[PDB]
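Asks: This one is an experimental structure. Sequence first:
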Amino acid sequence: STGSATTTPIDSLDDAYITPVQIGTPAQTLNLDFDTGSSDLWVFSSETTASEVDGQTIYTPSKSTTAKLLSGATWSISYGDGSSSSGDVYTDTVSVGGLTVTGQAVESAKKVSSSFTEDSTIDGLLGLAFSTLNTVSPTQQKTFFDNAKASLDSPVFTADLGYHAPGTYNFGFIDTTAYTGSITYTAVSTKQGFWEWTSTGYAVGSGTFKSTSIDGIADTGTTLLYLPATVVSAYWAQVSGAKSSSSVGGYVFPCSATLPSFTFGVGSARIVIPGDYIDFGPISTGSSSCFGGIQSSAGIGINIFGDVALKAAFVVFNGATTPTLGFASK
Ligand SMILES: C#CCN(C)Cc1nc([C@]2(O)CN[C@@H](c3nc(-c4ccccc4)no3)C2)cs1
Ligand SMILES: C#CCN(C)Cc1nc([C@]2(O)CN[C@@H](c3nc(-c4ccccc4)no3)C2)cs1
């Protein structure tokens, strides 16, 4: 089997991407944030505290003939920005882009933190990291991909995110029309539950390439590119007036600037992030200070190849017995 679904930025900054997902019978379509950095599929629901729902579409398990309470199961998760959610669990039929999993754990939120309430366009998350990170207790649950994997034509999914434009998640096949040149595959470590890999270095703008190993994760659920402070300083030093602002919480730059590209290494191949992809626009409406799309990982403890990086590439998440990641230019 295969599936293919379009993913769409939630706002003019590409802060996140949402993908329609069918849950239950008859289908209830919710727009979920596909997150290769976590492993829970959770939704706003008829159980979510009413004061914490503000415009989201909710899943109502009592209206699904295929929903079953996963008795005694609870979940509770935090994300890297400090956002969080928790609740109980149903199993139900879940379809993405024509690919169906029966008996998928659908984690129903009883509580969500303020950032989720505020994101009226995000109806929940669909985790695509390894199932070892799933938070359901006492019986850990599998991700949608892990459940689908054995049925797929090939045990893979691909992320083809757009820059201020829609893109595609495919399951089970590699669309050879979606990228240029070749896909370079690189080894993955699952030791922390992530799609964790080692970039071979970087370049800033037209500069020469610096060969250096950068361990990090491929995370569609993170907006920005978080890299070591050394690398990030070398990038922003090329932008007149750019500086790290403690009040804003990262590097800002004059909105009058034109940003250099940033290249990262995948084996002997290179992915070039255009400078425009690094511009997140005014820090507040009307400001002439713009927020940078490359930020330090120093306070996080892990480097994160988030959407800024991934949207410059066609990315293969190969979930074969020995997992790998593939990157191609596009
Ligand atoms: C701090 C620290 C160390 N580590 C926990 C950092 C990491 N953090 C992650 C993710 O929590 C998983 N992916 C990302 C994600 N955030 C969201 C999201 C958050 C709020 C609103 C909407 C979406 N969705 O996905 C970040 C992996 S490693
Ligand atoms: C312009 C503009 C809007 N604003 C002033 C700047 C922006 N801010 C963002 C965030 O993506 C939103 N959440 C923040 C955050 N995320 C994490 C984090 C992510 C993953 C793992 C660990 C930590 N830490 O802080 C930055 C986009 S534009």
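Replies: Sure, I can see it. Numbers count the residues shown, from 1 in each chain. Ligands and ions are numbered 1, 2, ... in the order given.
Asks: Next up, phi/psi of residue 114, please.
Replies: Dihedral pair for residue 114: phi -60, psi -40, per degrees, to the nearest 10.
Asks: What count of nearby residues applies to the residue of the stretch 1-150 of the chain found nearest ligand 2?
Replies: Taking C-beta to the nearest ligand atom, ligand 2 has its nearest neighbour within the stretch 1-150 of the chain at residue 80, 2.4 Å off. Backbone N, C-alpha and C define where each C-beta goes, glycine included. Residue 80: 16 surrounding residues under other C-beta atoms under 10 Å.
Asks: Which of the helices or strands spans it?
Replies: Taking DSSP states H and E as the definition, one finds residue 80 inside no helix or strand.
Asks: Hmm, residue 299 and it touching each other?
Replies: No. With contact defined as C-beta atoms under 8 Å, residue 80 does not reach residue 299; the gap is 10.1 Å.
Asks: residues contacting the residue of the stretch 1-150 of the chain closest to ligand 2?
Replies: Going by C-beta atoms under 8 Å, 6 or more residues apart in numbering, residue 80 touches 37, 222, 300, 304.
Asks: and if you look at residue 145?
Replies: By C-beta under 8 Å, 6+ apart, the residues touching residue 145 are 128, 157, 171, 317, 319.
Asks: what number of residues lie near the residue lying closest to the last one once chain neighbours are set aside?
Replies: Once flanking residues are discounted, residue 319 sits nearest to residue 155: 4.7 Å by C-beta to C-beta, 6 or more residues apart in numbering. Residues lying near residue 155 (other C-beta under 10 Å) number 19.
Asks: re earlier: ok, the contacts of residue 145 vs ligand 1, which is closest?
Replies: residue 128 (9.7 Å).
Asks: just the helices in the stretch 51-200 of the chain please.
Replies: For the stretch 51-200 of the chain, helices defined by DSSP state H, counting those that start in this stretch occupy the ranges 114-118, 144-148.
Asks: is ligand 2 contacted by the first one?
Replies: Meaning helix 114-118. No. Using C-beta under 6 Å from any ligand atom, helix 114-118 never reaches ligand 2; the gap is at least 7.8 Å.
Asks: Please see if that helix touches ligand 1.
Replies: Yes. Helix 114-118 reaches ligand 1 (C-beta under 6 Å from any ligand atom) through 115, 116.
Asks: Now residue 250: closest residue in space, sequence neighbours ignored.
Replies: Counting by C-beta to C-beta, 6+ apart, residue 250 lies nearest to residue 295, which is 4.4 Å off, once chain neighbours are set aside.
Asks: Next, that neighbour: secondary structure please.
Replies: Three-state call for residue 295 (DSSP: H, G, I helix; E, B strand; the rest coil): strand.
Asks: tell me which parts of the stretch 51-200 of the chain are close to ligand 2?
Replies: Contacts of the stretch 51-200 of the chain with ligand 2, taken as C-beta under 6 Å from any ligand atom, map to 80, 81.
Asks: gap between whichever residue of the stretch 51-200 of the chain sits closest to ligand 1 and residue 33?
Replies: Nearest residue of the stretch 51-200 of the chain to ligand 1: residue 80, at 2.6 Å (C-beta to the nearest ligand atom). Distance, residue 80 to residue 33, using C-beta to C-beta, to the nearest Å: 13 Å.
Asks: just residue 323 next, same as before
Replies: Using C-beta to C-beta, we find residue 323 at a distance of 22 Å from residue 33.
Asks: For these two, work out which one has more neighbours and name it.
Replies: Neighbours per residue (other C-beta under 10 Å) separate residue 323 from residue 33, with residue 33 holding more: 22 against 18.
Asks: Could you tell me the end-to-end distance of stretch 182-201?
Replies: Using C-alpha to C-alpha, to the nearest Å, one end of stretch 182-201 lies 19 Å from the other.
Asks: Please shift the residue numbers so they start at 12 in all later answers.
Replies: Noted, 12 is the first residue going forward, which turns the last one into stretch 193-212.
Asks: Name the residues of that stretch that are buried.
Replies: By neighbour count on 16 or more other C-beta atoms under 10 Å, the buried set for stretch 193-212 is 194-197, 199, 204-211.
Asks: Among the residues you listed, which ones are in strands?
Replies: Secondary structure assignment by DSSP state E places 195, 196, 197, 207, 208, 209, 210, 211 of the buried residues of stretch 193-212 in strands.
Asks: and which of those is nearest ligand 2?
Replies: Using C-beta to the nearest ligand atom, residue 207 comes nearest to ligand 2 of those, at 13.8 Å.
Asks: Bridge partners for that closest one, pull those for me.
Replies: Beta bridges link residue 207 to residue 200, residue 228 when assigned by DSSP bridges.
Asks: ok, it touching residue 200?
Replies: Yes. Contact status for residue 207 versus residue 200: in contact at 4.6 Å, counting by C-beta under 8 Å.
Asks: Show the contacting residues for whichever residue of the stretch 112-261 of the chain sits closest to ligand 2.
Replies: Closest residue of the stretch 112-261 of the chain to ligand 2, C-beta to the nearest ligand atom: residue 234 (3.7 Å). Taking C-beta under 8 Å, 6+ apart, we find residue 234 in contact with 24, 25, 26, 27, 317, 318, 319.
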